[PDB]
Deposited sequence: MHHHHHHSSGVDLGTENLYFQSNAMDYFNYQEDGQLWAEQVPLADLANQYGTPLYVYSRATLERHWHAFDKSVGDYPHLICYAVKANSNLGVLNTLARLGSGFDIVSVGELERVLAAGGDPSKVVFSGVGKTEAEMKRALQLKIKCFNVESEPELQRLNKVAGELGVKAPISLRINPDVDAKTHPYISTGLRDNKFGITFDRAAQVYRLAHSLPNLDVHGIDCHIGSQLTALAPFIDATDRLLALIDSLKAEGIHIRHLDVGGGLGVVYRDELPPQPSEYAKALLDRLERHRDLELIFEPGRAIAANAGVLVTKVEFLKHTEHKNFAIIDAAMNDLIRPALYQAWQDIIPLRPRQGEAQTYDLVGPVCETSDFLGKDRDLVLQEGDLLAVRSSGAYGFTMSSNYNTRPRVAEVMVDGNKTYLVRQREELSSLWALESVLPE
């Protein structure tokens, strides 16, 4: 599943690099990514589709570190971006703009212009007012903007019953070209919505509105010669006759989640009448998923100890009730022990802040037995370098 495994010496390694070595060299907390894990997951997705025309558009928001993006860009990956910042990251990482699709409900005129100038693949439009703005901007630039409409399955996009009308509007707007349909179908409803979607592509085709690609979003869906999920399998089988509809997938978490761990150190162990607490050095500003959402992430020792385990809540170092990484974890701990939080490669560093004026941590990439720093730990004083006191 991934390359974070214990080796013969009894400790946890990332590929061929001991995690403890990285903690020593770069300090804690620390995000560590595995190049091989990212590549193995991307290829599983890329190859599961078969010869069917497709494009994997990695969801940049999941993990947008330049090293991570560069890894995927070298494989020829596409990218799904939600801002001009993400588009600039893709370009800095060597990504191909012709393989970029731009999503998001609040795209600005400035963002649309930069994307049009870079000639991205498609704008995934979520509303009629957005469609109007993209038409205005493309006209001002004297170009034609490639679009897809985000549609919602019949049960945040446009409803199925207004889809035809909004597509006809896009078709009548002078500065837009209709290219795709975006439907985040990711089991009975999935299939039912897929048919209604294909029927819509056909009816539009009769009207001279030609959809060339279908974007099915993320939340899929590789079964491991890796095969697609029953969901994807159900779709591919219905697309033999329906061609040459290029299929676009937007995996994020599926590629990046298990490719990263957060290494943290146990500062203090505290005991109450019925509970035990391990105070760790990673806080809500470093990894917010458990606090914000109700995410359960496996927490394991870099060097497991023998003996009777005690049940601990793992809590951060500041002063918040939601400052914790895990609850009710049976572990054998001593102060100073290092832990790894699995599944921290997605929605980990991307959501990190400077809350409590804490510098963001370093991000490191392993590649066999080599280690590359891909994001330096922030220098403390840089946190307020843009600020000013009152002159009074």
property: Ranges missing from the model, given as deposited sequence positions; result: 1-24, 180-195, 227-231, 270-273
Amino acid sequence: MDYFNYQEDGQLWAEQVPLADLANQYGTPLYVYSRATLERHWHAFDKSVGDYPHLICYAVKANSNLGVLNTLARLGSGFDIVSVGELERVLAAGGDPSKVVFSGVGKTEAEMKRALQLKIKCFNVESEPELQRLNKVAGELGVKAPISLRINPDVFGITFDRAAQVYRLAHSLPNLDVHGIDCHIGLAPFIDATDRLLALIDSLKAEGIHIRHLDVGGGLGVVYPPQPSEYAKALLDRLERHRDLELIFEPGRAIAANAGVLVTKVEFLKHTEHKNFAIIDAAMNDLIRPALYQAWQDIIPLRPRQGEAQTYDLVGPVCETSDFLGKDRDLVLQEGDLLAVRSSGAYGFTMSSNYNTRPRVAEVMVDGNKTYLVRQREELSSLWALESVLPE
From here on, numbers count along this sequence of modelled residues.
{"item": "176-184 versus 123-131 - greater average Cα B-factor per the deposited record", "value": "176-184"}
{"item": "Segment of higher mean CA temperature factor, 101-109 or 226-234", "value": "226-234"}
{"item": "Candidate residues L262, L169, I158, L91, the one whose C-alpha B factor the record puts highest", "value": "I158"}
{"item": "Largest Cα B-factor, entry values, listed residues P301, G85, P251, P189", "value": "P189"}
{"item": "B-factor third for the C-alpha atom of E267 within its chain", "value": "lowest"}
{"item": "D367 by Cα B-factor - lowest, middle or highest third of the modelled chain", "value": "lowest"}
{"item": "Chain thirds of CA B-factor: placement of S48", "value": "highest"}
{"item": "Where the record places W296 (Cα B-factor, split into thirds across the chain)", "value": "highest"}
{"item": "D313 CA temperature factor, ranked by third within the chain", "value": "middle"}
